[PDB]
Amino acid sequence: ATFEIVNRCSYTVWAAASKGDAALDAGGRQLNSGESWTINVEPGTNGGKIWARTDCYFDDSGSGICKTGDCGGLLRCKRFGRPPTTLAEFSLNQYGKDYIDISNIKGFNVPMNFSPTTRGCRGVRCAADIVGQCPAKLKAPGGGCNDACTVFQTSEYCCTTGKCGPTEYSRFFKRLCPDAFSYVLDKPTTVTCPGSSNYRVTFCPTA
């Protein structure tokens with residue numbers, strides 16, 4: 001499957017793509033404002049994620065630090081990034097179907113649109129100013145808006161027992177972005193697409 005990753009933000013982001021135990025394609029790349037990066041993701045990929053990282057510094061060796069979404073100090077991510085990270089999530093060719101979603105379960109750092117470039121399903125988007133509106137206790141100094149599980153580490157926020165309800169904090173994410181997961185047991189906003197669809201992830205889709 002082909003993913004075009006487009007940075008429409010006015011600032012540089014460092015895109016990342018991983019399935020948790022391995023990079024997807026190169027795993028990461030600098031994207032200046034306006035730049036697009038096309039990656040190939042192998043069919044059948046389960047649990048892939050794409051996200052943006054902000055305010056990164058890397059050296060010759062691709063080692064460094066990002067203020068949001070850092071994946072163990074590497075330019076080319078092999079693991080998932082440190083919250084807060086708006087997440088484009090996907091599982092491809094699962095019994096003839098692709099499944100895509102945007103999740104705020106790990107917080108929010110950059111607005112995002114996640115859309116197919118082929119026929120047969122809708123895209124999803126979380127483009128509200130969640131950082132600007134972020135509740136005081138969830139604001140991350142590095143930038144972005146943490147989820148409540150990351151901040152407070154309780155069974156209720158992290159849904160550790162498999163039973164949990166919405167919270168004041170999850171409802172904030174849900175109010176601004178109804179089409180993204182706001183907590184683990186949120187009513188699914190997953191979109192079902194034809195197997196082997198192609199996609200575009202756009203950072204800052206509106207502004």
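The numbers here are math on the coordinates, done by the rules we state, and not lab data. Using ideal geometry, Cβ is built from the backbone for each residue, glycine included, and neighbour counts are taken over all protein chains shown.
Listed values, structure above:
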{"quantity": "Net lengthening on full extension, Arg171/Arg76 (0.36 nm per residue, minus Cα-Cα)", "calculated": "30.9 nm"}
{"quantity": "For the chain, size of Cβ-based charge dipole, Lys and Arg +1, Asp and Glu -1, in debye", "calculated": "380 debye"}
{"quantity": "Full-extension gain in nm, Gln94 to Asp59, via 0.36 nm per residue minus C-alpha separation", "calculated": "8.7 nm"}
{"quantity": "Choice from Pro166, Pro84, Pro141 showing the highest fluctuation, given a GNM over the chain with Cα pairs closer than 10 Å", "calculated": "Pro141"}
{"quantity": "Residue-averaged 222 nm ellipticity for the chain, from DSSP H runs of 4+ at -39500 (n - 2.57), nearest 500", "calculated": "-2000 deg cm²/dmol"}
{"quantity": "Length gained when the stretch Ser155-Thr38 is fully extended (0.36 nm per residue, less Cα-Cα span)", "calculated": "38.2 nm"}
{"quantity": "Ascending count of other beta-carbon atoms within 10 Å, so fewest first, for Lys106, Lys137", "calculated": "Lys137, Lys106"}
{"quantity": "Unit charges on C-beta of K, R, D, E only; dipole of the range 48-127, Debye", "calculated": "260 debye"}
{"quantity": "Value of relative contact order over the chain, rounded to a whole percent, pairs C-alpha under 8 Å and six or more apart", "calculated": "23 percent"}
{"quantity": "Cβ crowding within 10 Å averaged over residues, with 63-76, 181-194, 7-20 ranked highest first", "calculated": "7-20, 63-76, 181-194"}
{"quantity": "Principal axis dimensions, the range 1-120 - Cα atoms, whole angstrom, descending", "calculated": "42, 29, 26"}
{"quantity": "Euclidean distance of C-alpha centroids, the range 20-58 and the range 178-207, integer Å", "calculated": "16 Å"}
{"quantity": "Amide H within-cut-off set for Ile5, under 5 Å, with H built and near neighbours excluded", "calculated": "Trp37, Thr38, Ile39, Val201"}
{"quantity": "Spherically averaged projected area in nm², based on the convex hull that wraps the Cα atoms of the range 51-207", "calculated": "10.2 nm²"}
